[PDB]
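Given next, in structure tokens, is a single chain: the form deposited in one PDB entry.
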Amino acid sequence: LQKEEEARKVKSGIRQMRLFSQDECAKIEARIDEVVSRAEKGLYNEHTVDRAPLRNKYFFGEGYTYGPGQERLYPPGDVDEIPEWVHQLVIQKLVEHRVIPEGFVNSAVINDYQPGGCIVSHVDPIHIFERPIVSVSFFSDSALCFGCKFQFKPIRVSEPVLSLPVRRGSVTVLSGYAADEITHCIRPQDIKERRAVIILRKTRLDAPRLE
């Protein structure tokens, strides 16, 4: 009853919509490849690009470091600016369809996942970002899990509280319980081929920031 209770609460904090056509996804995917190519040309600030074995993260607008839960924003202007293509192909669409207000987004993060890549249980850092958190999926379909104890106590529990499909061209909006009161993660098994995501957020005015 506790897990079936949680699932409904999680769903209260999730809104999803298919906003980007296949043609729109293809253009955005070409732009994501341009970013990856620029990074490999050493064209971005050091704090803009975080390379890890099965995921690269690209920080535009604002970036942060990641004891525990002591993430801090970099000083303003440390990471590269949000590309014009993010503003005009992605943010503009979200603003037009009333997902978030004009002027809300000042952070765009691109996560580019290898096959087998994943996200280990985490909560979007509530001391750094406002809600809602907006995620847009590219390249391939995947699944976003909520309630990720199964990643750490496998003998005791094997399944997430909820598994949410996240398809190519889908916009996921997280707020409330889904953003603040439960962990999420991505299982290696749900990233069988390259998948990328663009995360659009608003940093808090009072967010802790390195000087």
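We call the rigid core the largest set of C-alpha positions that still match within 1.5 Å between the two forms. Counting begins at 1, following the sequence as shown.
Unshown form deposited in another entry; subsequent notes refer to it.
Core superposition between this form and the one not shown leaves every listed residue (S175, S163, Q151, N45) with a C-alpha shift below 2 angstroms except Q151. Inter-residue distance, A178 to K153 (Cα): increased by at least 3 Å in that other deposited form versus the depicted form. Relative to what is shown, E181 and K153 are farther apart in that other deposited form; their C-alpha atoms differ in spacing by at least 3 Å.
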